[PDB]
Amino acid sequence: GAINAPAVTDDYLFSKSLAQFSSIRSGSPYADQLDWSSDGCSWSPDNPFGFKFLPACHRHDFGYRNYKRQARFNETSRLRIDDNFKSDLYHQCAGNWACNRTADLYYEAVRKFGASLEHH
(Lines of atoms letter the chains of each structure in order from A and count residues from 1; the text may use other names and numbers.)
(Lines give C-alpha, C1' and ligand atoms only; values in the text may rest on other atoms or scores of the structure.)
Protein backbone atom coordinates (compact mmCIF):
# COMPACT_ATOMS: atom_id res chain seq x y z
CA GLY A 1 0.00 0.00 0.00
CA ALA A 2 -0.50 1.95 -1.91
CA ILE A 3 1.53 0.18 -4.63
CA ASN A 4 2.79 -3.32 -5.27
CA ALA A 5 6.50 -2.83 -4.88
CA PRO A 6 7.61 -5.72 -7.15
CA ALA A 7 5.49 -4.63 -10.15
CA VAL A 8 6.42 -0.96 -9.86
CA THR A 9 10.07 -1.89 -9.31
CA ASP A 10 10.15 -3.90 -12.53
CA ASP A 11 8.42 -1.10 -14.46
CA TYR A 12 10.96 1.48 -13.28
CA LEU A 13 13.88 -0.94 -13.79
CA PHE A 14 13.15 -2.57 -17.11
CA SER A 15 10.44 -0.55 -18.87
CA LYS A 16 11.06 3.15 -18.22
CA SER A 17 13.73 5.02 -20.15
CA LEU A 18 16.78 5.93 -18.07
CA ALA A 19 15.85 9.64 -18.18
CA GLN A 20 12.30 8.99 -16.98
CA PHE A 21 13.71 6.73 -14.26
CA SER A 22 15.88 9.65 -13.11
CA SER A 23 12.86 11.96 -13.22
CA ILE A 24 10.75 9.61 -11.13
CA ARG A 25 13.62 8.96 -8.72
CA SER A 26 14.12 12.69 -8.13
CA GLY A 27 10.67 12.85 -6.50
CA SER A 28 11.14 9.72 -4.33
CA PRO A 29 7.57 8.47 -4.82
CA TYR A 30 6.38 5.64 -2.58
CA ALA A 31 9.48 6.14 -0.43
CA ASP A 32 7.89 4.15 2.41
CA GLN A 33 7.89 1.10 0.12
CA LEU A 34 10.67 1.67 -2.44
CA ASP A 35 14.33 2.02 -1.51
CA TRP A 36 15.65 4.99 -3.52
CA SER A 37 19.11 5.09 -1.88
CA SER A 38 22.23 4.76 -4.02
CA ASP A 39 25.98 5.02 -3.60
CA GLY A 40 26.30 6.33 -7.17
CA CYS A 41 29.06 3.86 -8.08
CA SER A 42 31.31 5.08 -5.27
CA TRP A 43 33.18 1.81 -5.96
CA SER A 44 34.29 3.15 -9.35
CA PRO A 45 37.35 5.38 -9.92
CA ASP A 46 36.85 8.96 -11.16
CA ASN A 47 36.80 8.95 -14.95
CA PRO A 48 35.54 11.13 -17.83
CA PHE A 49 32.29 9.16 -18.11
CA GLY A 50 31.50 8.74 -14.43
CA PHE A 51 29.04 11.61 -14.13
CA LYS A 52 27.26 10.51 -17.32
CA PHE A 53 27.01 7.00 -15.82
CA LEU A 54 25.53 8.21 -12.50
CA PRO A 55 21.85 7.49 -13.35
CA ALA A 56 22.80 3.99 -14.53
CA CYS A 57 24.39 3.52 -11.10
CA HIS A 58 21.22 4.79 -9.45
CA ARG A 59 19.12 2.28 -11.39
CA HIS A 60 21.53 -0.59 -10.61
CA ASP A 61 21.27 0.11 -6.86
CA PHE A 62 17.50 0.48 -7.24
CA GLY A 63 17.40 -3.05 -8.65
CA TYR A 64 19.66 -4.68 -6.05
CA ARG A 65 18.16 -2.94 -3.04
CA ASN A 66 14.52 -3.40 -3.90
CA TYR A 67 14.92 -7.02 -5.03
CA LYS A 68 16.58 -7.67 -1.65
CA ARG A 69 13.79 -5.89 0.24
CA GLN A 70 11.28 -7.98 -1.75
CA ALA A 71 13.12 -11.27 -1.06
CA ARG A 72 13.57 -11.67 -4.84
CA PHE A 73 17.34 -11.36 -5.01
CA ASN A 74 19.24 -14.36 -6.37
CA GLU A 75 21.92 -15.00 -8.98
CA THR A 76 19.41 -14.94 -11.85
CA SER A 77 17.82 -11.62 -10.90
CA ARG A 78 21.27 -10.21 -10.04
CA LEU A 79 22.42 -11.05 -13.57
CA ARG A 80 19.27 -9.48 -15.03
CA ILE A 81 19.95 -6.25 -13.11
CA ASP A 82 23.66 -6.30 -14.03
CA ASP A 83 22.77 -6.77 -17.71
CA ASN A 84 20.25 -3.92 -17.47
CA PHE A 85 23.09 -1.80 -16.04
CA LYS A 86 25.36 -2.65 -18.98
CA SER A 87 22.51 -1.65 -21.32
CA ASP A 88 22.09 1.65 -19.46
CA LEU A 89 25.83 2.37 -19.58
CA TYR A 90 26.01 1.63 -23.33
CA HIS A 91 23.00 3.90 -23.86
CA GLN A 92 24.87 6.71 -22.07
CA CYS A 93 28.00 6.13 -24.19
CA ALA A 94 26.04 6.50 -27.45
CA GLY A 95 28.69 4.63 -29.43
CA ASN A 96 31.79 6.38 -28.07
CA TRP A 97 34.48 3.69 -28.11
CA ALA A 98 36.49 4.83 -25.07
CA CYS A 99 33.23 5.21 -23.15
CA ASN A 100 32.16 1.65 -24.04
CA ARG A 101 35.51 0.33 -22.81
CA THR A 102 34.94 2.07 -19.49
CA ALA A 103 31.38 0.71 -19.35
CA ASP A 104 32.82 -2.79 -19.74
CA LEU A 105 34.94 -2.25 -16.60
CA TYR A 106 31.87 -1.17 -14.61
CA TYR A 107 30.00 -4.28 -15.78
CA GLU A 108 32.94 -6.54 -14.93
CA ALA A 109 33.09 -5.05 -11.45
CA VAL A 110 29.43 -5.71 -10.66
CA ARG A 111 29.42 -9.20 -12.22
CA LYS A 112 32.38 -10.21 -10.08
CA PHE A 113 31.79 -8.20 -6.90
CA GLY A 114 28.13 -7.19 -6.94
CA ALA A 115 27.38 -9.55 -4.06
CA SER A 116 29.75 -7.47 -1.91
CA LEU A 117 29.99 -3.93 -3.34
CA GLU A 118 27.26 -2.41 -1.15
CA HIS A 119 28.77 -4.26 1.83
CA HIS A 120 31.91 -2.21 1.15
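Quick note: we count residues from 1 along the sequence shown, nothing fancier.
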So 67-75 or 82-90, which one's hotter by mean CA B-factor in the entry?
67-75
Per the PDB entry, mean CA B-factor is higher for 108-116 or 15-23, namely for 108-116
Taking only the Cα B-factors deposited for this chain, tell me whether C41 sits in the lowest, middle or highest third.
middle
Which third of the chain does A31 land in by C-alpha B-factor: lowest, middle or highest?
highest
